[PDB]
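A quick write-up on the structure given underneath.
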Amino acid sequence: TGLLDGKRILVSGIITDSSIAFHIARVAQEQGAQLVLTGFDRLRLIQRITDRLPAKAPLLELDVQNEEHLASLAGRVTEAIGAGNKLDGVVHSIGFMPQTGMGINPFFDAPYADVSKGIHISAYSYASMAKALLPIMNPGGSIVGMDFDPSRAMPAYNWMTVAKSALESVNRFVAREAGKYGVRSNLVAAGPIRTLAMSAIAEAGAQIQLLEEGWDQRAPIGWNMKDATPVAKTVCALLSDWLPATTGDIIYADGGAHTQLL
Amino acid sequence: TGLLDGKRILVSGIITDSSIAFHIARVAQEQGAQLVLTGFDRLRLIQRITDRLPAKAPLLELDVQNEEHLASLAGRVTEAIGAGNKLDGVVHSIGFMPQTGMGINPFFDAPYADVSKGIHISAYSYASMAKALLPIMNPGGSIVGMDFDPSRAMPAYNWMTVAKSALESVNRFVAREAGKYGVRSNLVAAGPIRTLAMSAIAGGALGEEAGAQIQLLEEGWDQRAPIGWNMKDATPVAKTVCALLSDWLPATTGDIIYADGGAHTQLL
Amino acid sequence: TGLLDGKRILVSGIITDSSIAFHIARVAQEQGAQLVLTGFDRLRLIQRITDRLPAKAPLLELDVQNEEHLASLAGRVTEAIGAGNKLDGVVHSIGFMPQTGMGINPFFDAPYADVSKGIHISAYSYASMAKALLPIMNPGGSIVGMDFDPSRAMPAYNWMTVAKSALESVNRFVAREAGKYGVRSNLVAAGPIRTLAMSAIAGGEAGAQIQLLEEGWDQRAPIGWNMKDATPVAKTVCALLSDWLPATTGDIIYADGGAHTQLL
Amino acid sequence: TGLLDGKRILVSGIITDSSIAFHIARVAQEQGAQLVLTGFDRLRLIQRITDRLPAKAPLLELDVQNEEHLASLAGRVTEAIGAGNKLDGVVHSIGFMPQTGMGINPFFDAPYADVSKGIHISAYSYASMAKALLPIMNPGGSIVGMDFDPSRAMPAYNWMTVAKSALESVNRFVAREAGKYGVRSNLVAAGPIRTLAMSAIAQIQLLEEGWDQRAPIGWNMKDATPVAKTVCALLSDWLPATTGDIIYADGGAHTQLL
Ligand SMILES: NC(=O)c1ccc[n+]([C@@H]2O[C@H](COP(=O)([O-])OP(=O)(O)OC[C@H]3O[C@@H](n4cnc5c(N)ncnc54)[C@H](O)[C@@H]3O)[C@@H](O)[C@H]2O)c1
Ligand SMILES: NC(=O)c1ccc[n+]([C@@H]2O[C@H](COP(=O)([O-])OP(=O)(O)OC[C@H]3O[C@@H](n4cnc5c(N)ncnc54)[C@H](O)[C@@H]3O)[C@@H](O)[C@H]2O)c1
Ligand SMILES: NC(=O)c1ccc[n+]([C@@H]2O[C@H](COP(=O)([O-])OP(=O)(O)OC[C@H]3O[C@@H](n4cnc5c(N)ncnc54)[C@H](O)[C@@H]3O)[C@@H](O)[C@H]2O)c1
Ligand SMILES: NC(=O)c1ccc[n+]([C@@H]2O[C@H](COP(=O)([O-])OP(=O)(O)OC[C@H]3O[C@@H](n4cnc5c(N)ncnc54)[C@H](O)[C@@H]3O)[C@@H](O)[C@H]2O)c1
Ligand SMILES: CCCCCCc1ccc(Oc2ccccc2C)c(O)c1
Ligand SMILES: CCCCCCc1ccc(Oc2ccccc2C)c(O)c1
Ligand SMILES: CCCCCCc1ccc(Oc2ccccc2C)c(O)c1
Ligand SMILES: CCCCCCc1ccc(Oc2ccccc2C)c(O)c1
Ligand code: NA
C-alpha cells in the first residue's frame, strides 16, 4: 500500500512545519519510506519540528557551503541507516538568496558576492550533494530538487530567478552523472507556497499578491498557495518507481499555470 | 494497496500486444484498475489480443472519425461500467498518418486530404474523446494522451510531427475544459518503442536513405538518454502513464511528461 | 542604400490597408524591393488598396485551397517579374478560422470540417506555397510567415492556437526543404495588431478577454506595445527578408515587445 | 546606405582577430558605425589587433570583475565619444570558465570558486555592464550579448552551460531595466566558431560535421560573418519590437533533431 515502501530517502531543507521539505517528509513516511533528515544552522529547533513527523528519523547537520560537512555526509548517512544499506532517494529542498537580490531592491544593485552566495546554495549545491550521495545510492534510485519556473522574468524574484535557471542547467548535468549509477535526477517546479522563505521574499507585496492571484486564475485546476501536499505528492511520485524513464527533467506541480497565458 | 485500485479507466488504442496501449492496460490492471477498452476496425482480432490481459474488460467499438460512435460513446461506457458509476481515467493512445505524409515520401507531396485525416485521428480526436467522456468522469480524474516530442523537426516523421504539435496545443485547451470537472489532462511523450506503427515506418519503404536516418535517430535515444533507452520495453512508458492516471501527480495538467530516458534534455 | 535593394519579393495577405501584409509591402518598397502581390477572392477591391502603396506591383489571384492556383503560381509569377529573374523572398501573411473555432464558441463544439479548413489555410498553405515558389527562388532567399505565440493556451484564440502550433511545426520542415535551395524559412510571432481578422475573433464575453490580453501585452512588454502600429512587425519581417539574418532558419523571431519573455 | 550609419556602439571581447567580437566590430564599421572598444588583460596586444579593423577606434580597458573599471566606464566612454554624445549600442562578447569546469574534467570536481568566477564574468557581467552603460544610452538603443544554447546538456561545455543558462535569465531582467531607457536587450545564440576560447575547451572537426549536418542551411565554423551580421541586425532599427529575447544564429541547427 506504500508508494515508497522500503525506500531509504535523504530529505534536506526542513526549517519549519511549513517547509515543503517537511511535507515531502511527512508524505514519504506515510508511504512507507525510511528517512534521514538534514538541517542547517538551527538544529536545535529543527530537531524538534521533525519530532512532529509521523515517525522518527535521524537528523544530520548539513551546511551545503561547508566542505567538511559534504566530505563527511556520506559517512554520517551510512552510520545512520546501517552499513550495508544505501539511499534510494535524495531530496534537495534547499534555497537561499540575500535580501539585496530580491524584493524591491534594484536588480542592478545586488553585489556579485551576494548573488554568488545565492547561486552557491540554491544551484551549485544540487551538484555537490549529488557528488556526496551517489556513491551510496542504489540503482533505480532518484534525486529530486525543488524548482520555481524561471523561463520568464518577473518582479521580486529577481536574482533567485537566475539561480533557478542555473539550477535547471545543473540538473541536466547531474542526470548525466547520476545515470552512471542507474539513478535519476529531476526537479519539481512548484507553484507559490506560503513558507518561511516565501515570507522573506518581500510595493513588492503588491506584486507578489498579483502573481499569486494570477496562478490560481491561470491554473485550470486552481492553485492553493496554502497547501503543500500536491507538491509533496509530486516529489514522492518522482522518488518512486512510477516515473522510471524520466531524468534531467522538470515536472511542473503548479496547477498547470505555466501552460496558460491568461 | 494498488496504485490504481478501484479506479475505472477507459483505454483506447490496442491493436496488437505490442501496442503501447496494451502495456498501459496491463500495468493498470496489475495495479487494481477496472478497464473499459475501445478498439477500431478489427474488433474481432482486437478481442483476441485483449483476451491476453490479466483481467476481463469490455471492448467497445470507437472510430474517432465516426460521429455516431462518439455520440453514443458515453452511453455505451455507462452501460458497461453500470449506471451511477463514472470513469476516473481516460487514455488516448491513437495515431494515424497516411504513407504520403511520412517516411521516404517528400514532405511537400502529401496532399492536404491525407494530412487532414492524420490530424483528425491524431490530434482533433483528443478533444472529441474529451468532449464525449468528460461528462461521465469523476473529480480527481485524469485524461492522458500519447505524444512524440515535435519541438524539433527530424527525418521521416514529417507530417506526423505536425500532428503531434497540434496534439500538444489541443491538450492545453482540453485541460481548460477538463478543469471544470476537476479533471486533469496531460500527454506522455514516449521515446521510440517497437510497435506495429513504429516498425512500419522503419521497415516502411525504407531500405533507402530514410532507412539509415531513422535507425540513426532511434539509436541516438539510447546514446543521449542519461539512463539508457530500450526500444523493446514499453513498460517504462506504461508506468509513466499509470503515474498520471493516479493521484500522485495531482497538480499537473495541460502538460507533457517525458518518458524517454531523459534524451530530450541532452544535445549529445 | 535600401535594406531590400534589388530584391524581388512576393507578398501574400493584403485585404485592407490595416493588413499586416500591407504594411510589410509598404516598408519593403520603401527599402527598395520589387514586389509581386497575391490576393484572395476580392481582387478588384484589393487592387484599389494596393494602389495606395508607394509603387506598382503585379497582383495575382491566389486561393491557397485551390490546387490550380498553386499549380500555376510559379509560371504566373515568372511572367510578372520577367525572364531570367527569380524571387528572393516570400511572405506568407495568411490566416483563417471559422467562427466556430474562435471567441465564445465552446472549444469542443467546433466540427473538424471547420477546424480543418482553418488549419489548411493557416498552416498547411505555408508548405504548399513554399512548394510552389522554392523552384523559382535564389540561393540566399528568404521565406517568412506570420505567427502568434501558441506555446500556451488562452481565451478566445481557441482552434487558431492549434493552427499556429501546427504552423510552427510546418515551418521547421519547410526550412529542411528550403535549405536545399539555400533558402531560409522563418516565422514572425507578432503581438496583437488591430486588423480585419483581429476584428472577427469575437462577435457580440470574448471581446472583454481580448481587451484584457491587449492591455496585459503593453504591460508585460519591457518596451511597451501599441496594437495600432503594424510598422515594428513590418520592419521585423523585412529584417528576415534581408541578408542581415543569414544564419537563422526554421525559427521564430518574436516581434511582440518582449512580452513573451515576462510572466508579469 | 549603411545599416548602422551614425550610431555609436561599444564593443567588448576582442582578444584576437578570430574573436566573434572582432568580426562584429568589422561588420559594424563597414555599416557606418562609430565604435568604442573595450579590452581585457592583453591591452597592448589587443590594440595591435584592433588596428586591423577597417576604421580606427578608441580602446578602453575593462575587466568586468573590477568594480573600479565598471565605476569609471561611463565617464571614460563619454570622454571618447565627446560630451553630449551617448551610445546607441552595446555589445557583450565576453566569457570565461576555468579549465576545471570544462572538457573531460569531471563535472563534480569543479570547485565553486572556479564556477563562481565563470558565472561572474560570463553571466553577472552582462547585468553589471548594462548598469554602467544604460545611463549613457540613447532611446532606441540596443544591448546584445553572446549565447550558446544551454537548454540541453552536452559533453565538454560542462559548467559554462550553466553560466549560459544564468546569462539567459539575466538578459530577461536586463530587458526590464533597459525598457525604462527605451533600450532593447537581446542575445545571439551562435553556432560553433573557431576562436581562442573555443580552442581552450580541449573531435574539433567532428563537431563542425555534426552542426553543418543538422543545420538546414549548413554551418561554417571558420566564418563568423553570419554571426556578426546577426548582432548588427539587433543593433539596427530593424528589430524594434524584440527584447529580453534570443536570436539563434546557428544555421537552424537548434530547430532540428537530426
Ligand atoms: N515555497 C515556494 O513557493 C517554492 C516554490 C518553488 C520552489 N521552492 C524551492 O523549495 C525549496 C524549499 O524552500 P521552502 O519554500 O520550503 O522554504 P523554507 O524556508 O521552508 O526552506 C528553505 C531551506 O533552505 C535551507 N537553507 C538555506 N541555506 C542552507 C544551507 N547552507 N544549507 C542547507 N540548507 C539551507 C533552509 O535551512 C531551509 O530549510 C527551495 O529550493 C525553494 O526555492 C519553493
Ligand atoms: N511507438 C512509439 O514509438 C511511440 C512513441 C511516441 C508516441 N507514440 C504514440 O502512441 C500512440 C499509440 O501508437 P503505437 O506505437 O502504440 O502503435 P499502434 O499501431 O499499436 O497504435 C495505433 C492505434 O491507433 C488506433 N487508430 C488508428 N485509427 C484509429 C481510429 N480512426 N480510431 C481509433 N483508433 C485508431 C489503431 O487502431 C491503433 O490501435 C500513438 O499516439 C503514437 O503516435 C508512439
Ligand atoms: N493581427 C494580429 O494581431 C496578428 C498577430 C499575430 C499573427 N497574425 C497573423 O498575420 C497574418 C495576417 O493576418 P492579419 O492580422 O493581417 O489580418 P488580415 O485579415 O488583414 O489578413 C488575413 C489574410 O488572409 C487571407 N486569407 C484568408 N483565406 C485565404 C485564402 N484561402 N487564400 C489566401 N488568403 C486568405 C485574407 O484574404 C487576408 O488577406 C495571419 O497569419 C495572422 O494569423 C496576426
Ligand atoms: N566561438 C563560439 O563558438 C561561440 C559560440 C557561441 C557563443 N560564444 C560566446 O561569444 C562570446 C565571444 O567568445 P569568443 O568565441 O569570441 O572567444 P574569445 O576568446 O575570442 O573572446 C572572449 C572574450 O572574453 C573576454 N574575457 C574573459 N574574461 C574577461 C574579463 N574579466 N573581462 C572582460 N573580458 C573577458 C576575453 O578577453 C575575450 O576577449 C562569448 O560570450 C562566447 O561564450 C562563442
Ligand atoms: C516572485 C516571487 C515568487 C513567488 C513564490 C515562490 C517561491 C517561494 C519561496 C521560494 O524559496 C526561496 C525563495 C528565495 C530565496 C530562498 C528560497 C528558499 C522560492 O524559490 C519560490
Ligand atoms: C521518424 C522517427 C522514428 C521514431 C518514431 C516513434 C513513433 C513510432 C510510432 C508512432 O505512432 C504512429 C506514427 C505514425 C502514424 C501512426 C502512429 C500510431 C509515433 O507517433 C512515433
Ligand atoms: C485572445 C487572442 C486575441 C489576440 C490575437 C491576435 C491575432 C489577431 C488576428 C490574427 O489573425 C487571424 C486570427 C484568426 C483567424 C484568421 C486570422 C488571420 C491572429 O492570428 C492573431
Ligand atoms: C560542447 C560543444 C563545443 C562548444 C562550442 C561553442 C563555444 C565556443 C566558445 C565559447 O566561449 C567560451 C567557452 C568557454 C569559456 C569561455 C568562453 C568565452 C562558447 O561559449 C561556446
Ligand atoms: Na545540412
Side-chain angles (χ1 to χ4, degrees), chain A residues 261-262, chain C residues 12-16 18-23 38-41 46 62-66 69 92-98 101-102 118 120-122 125 145-149 154-158 160-161 163-164 167 188-202 206 209-210 212-213 217 227 230 233 255-256, chain D residues 12-16 18-23 38-42 46 62-66 69 92-96 120-122 125 145-149 160 163-164 167 188-200 221 224 227 249-250:
Chain A
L261 182 64
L262 250 76
Chain C
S12 66
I14 293 168
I15 186 60
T16 75
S18 294
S19 292
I20 288 173
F22 182 90
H23 292 279
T38 75
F40 166 65
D41 204 33
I46 283 169
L62 175 57
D63 168 7
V64 294
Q65 295 198 280
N66 190 310
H69 289 195
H92 183 283
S93 185
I94 289 179
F96 176 81
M97 183 64 67
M102 306 199 79
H120 189 170
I121 294 179
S122 307
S125 65
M146 302 306 303
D147 189 22
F148 188 65
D149 181 20
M154 69 182 72
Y157 205 51
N158 300 4
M160 191 59 181
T161 328
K164 294 298 201 184
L167 175 62
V188 176
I193 299 292
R194 294 256 179 267
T195 61
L196 181 71
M198 156 101 102
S199 296
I201 306 196
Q209 241 61 273
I210 293 179
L212 198 56
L213 169 140
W217 211 277
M227 348 163 47
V233 181
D256 70 340
Chain D
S12 62
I14 299 182
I15 186 55
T16 83
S18 288
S19 286
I20 286 164
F22 182 94
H23 295 289
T38 79
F40 171 56
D41 186 32
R42 313 176 184 176
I46 296 171
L62 177 50
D63 163 14
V64 304
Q65 286 196 286
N66 183 328
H69 289 180
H92 182 281
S93 184
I94 283 167
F96 174 82
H120 191 177
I121 293 163
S122 313
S125 57
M146 296 312 297
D147 188 26
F148 187 64
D149 183 14
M160 190 62 167
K164 290 310 194 189
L167 169 68
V188 177
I193 296 295
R194 285 201 221 278
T195 65
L196 177 65
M198 225 272 311
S199 276
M221 282 193 66
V227 172
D250 73 335

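Values below: all heavy atoms of this structure, side chains included; hydrogens, waters and symmetry mates excluded. Letters go in sequence order (proteins before strands), and every chain restarts at 1. Both ligands and their constituent atoms are indexed starting at 1 by order of listing.
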- Task: Measure from atom 14 (C) of ligand 7 to every heavy atom in C:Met102, C:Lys164, C:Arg194, C:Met227 and give the option owning the shortest one.
- Result: C:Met102
- What do we get for C:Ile14 next to ligand 3 when only non-hydrogen atoms under 4.0 Å count, side chain, backbone, both or neither? backbone
- Would you indicate whether the side-chain heavy atoms of D:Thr195 and D:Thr16 approach each other to under 4.5 Å? no
- Message: Please compare C:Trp217, C:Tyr157, C:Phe40 and report which has the shortest non-hydrogen distance to atom 30 (C) of ligand 3.
- Response: C:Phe40
- Do C:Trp217 and C:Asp256 have side-chain heavy atoms sitting under 4.5 Å apart? yes
- Task: With heavy atoms of C:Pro192 as the reference, note each atom of ligand 3 found under 4.0 Å away.
- Result: 3 (O)
- Item | Contact bool for atom 36 (C) of ligand 4 (protein heavy atom, d < 4.0 Å) | no
- Item | Pick from D:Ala189, D:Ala197, D:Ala200: the one approaching atom 17 (O) of ligand 4 most closely through a non-hydrogen atom | D:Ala197
- Do ligand 4 and D:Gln65 have nitrogen or oxygen atoms that lie under 3.5 Å from each other? no
- Message: I need the atoms of ligand 4 closer than 4.0 Å to a non-hydrogen atom of D:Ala190, numbered in the order shown.
- Response: 5 (C), 6 (C)
- Proximity of D:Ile94 to ligand 4 by residue part, where a heavy atom lies under 4.0 Å: both
- At under 4.0 Å between heavy atoms, which part of D:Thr16 makes contact with ligand 4: side chain, backbone, both or neither? neither
- Would C:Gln209 count as a contact of ligand 7 if the rule is a heavy atom under 4.0 Å away? no
- Query: Which atoms of ligand 3 are found less than 4.0 Å from any heavy atom of C:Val64?
  - Reply: 30 (C), 31 (N), 32 (N)
- Item | Under 4.0 Å to a heavy atom of D:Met146 - the qualifying atoms of ligand 4, by number | 9 (C), 10 (O), 11 (C), 41 (O)
- Is the closest N or O pair between D:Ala21 and ligand 4 shorter than 3.5 Å? no
- Check ligand 7 against C:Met198 and write out every atom of the ligand that is under 4.0 Å from a heavy-atom position of the residue. 8 (C), 9 (C)
- Message: Counting only nitrogen or oxygen atoms and a 3.5 angstrom limit, does C:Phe148 reach ligand 3?
- Response: no
- Is the shortest N/O to N/O distance between D:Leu196 and ligand 4 below 3.5 Å? no
- Query: Should one rank C:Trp217, C:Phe148, C:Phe96 by closest heavy-atom distance to atom 4 (C) of ligand 7, which comes out on top?
  - Reply: C:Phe148
- For D:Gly191, the ligand 4 atoms whose distance to one of its heavy atoms is below 4.0 Å: 3 (O), 5 (C)
- Item | Within-cut-off N or O pair, C:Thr195 and ligand 7, under 3.5 Å | no
- Which atoms from ligand 7 have a heavy atom of C:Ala156 less than 4.0 Å away? 1 (C)
- Item | Nitrogen or oxygen atoms of D:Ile20 and ligand 4 under 3.5 Å apart | yes
- Note on the structure: For C:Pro155, the atoms of ligand 7 under 4.0 Å from one of its heavy atoms are 1 (C)
- Message: Regarding ligand 4, does D:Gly95 bring an N or O atom to under 3.5 Å of one of the ligand's N or O atoms?
- Response: yes
- So is D:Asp63 polar-close to ligand 4, meaning N/O to N/O under 3.5 Å? yes
- Candidate with minimal heavy-atom separation from atom 6 (C) of ligand 3, of C:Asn66, C:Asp147, C:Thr195: C:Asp147
- Query: Does the C:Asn66 side chain pair with the main chain of C:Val64, one donor and one acceptor, at a distance under 3.5 Å?
  - Reply: no
- Which of the atoms in ligand 4, numbered in the order shown and given with their element, are less than 4.0 Å from a heavy-atom of D:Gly13? 21 (O), 23 (C), 38 (C), 39 (O)
- Numbering as shown, the atoms of ligand 3 that approach C:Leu62 to under 4.0 Å (heavy-atom distance): 32 (N), 33 (C)
- Message: Within ligand 7, which atoms have a heavy atom of C:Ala197 less than 4.0 Å away?
- Response: 11 (O), 12 (C), 17 (C), 18 (C)
- Message: Geometry only, no angles: is D:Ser19 polar-contacting ligand 4 at N/O separations under 3.5 Å?
- Response: yes
- Could you see which bit of C:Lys164 sits under 4.0 Å from ligand 3, with heavy atoms only: side chain, backbone, both or neither? side chain
- Query: Step by step, would you call D:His23 with D:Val227 a side chain to side chain contact (heavy atoms under 4.5 Å, CB included)?
  - Reply: CA-CA 8 Å; D:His23 295 289; D:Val227 172; over 6 Å; no
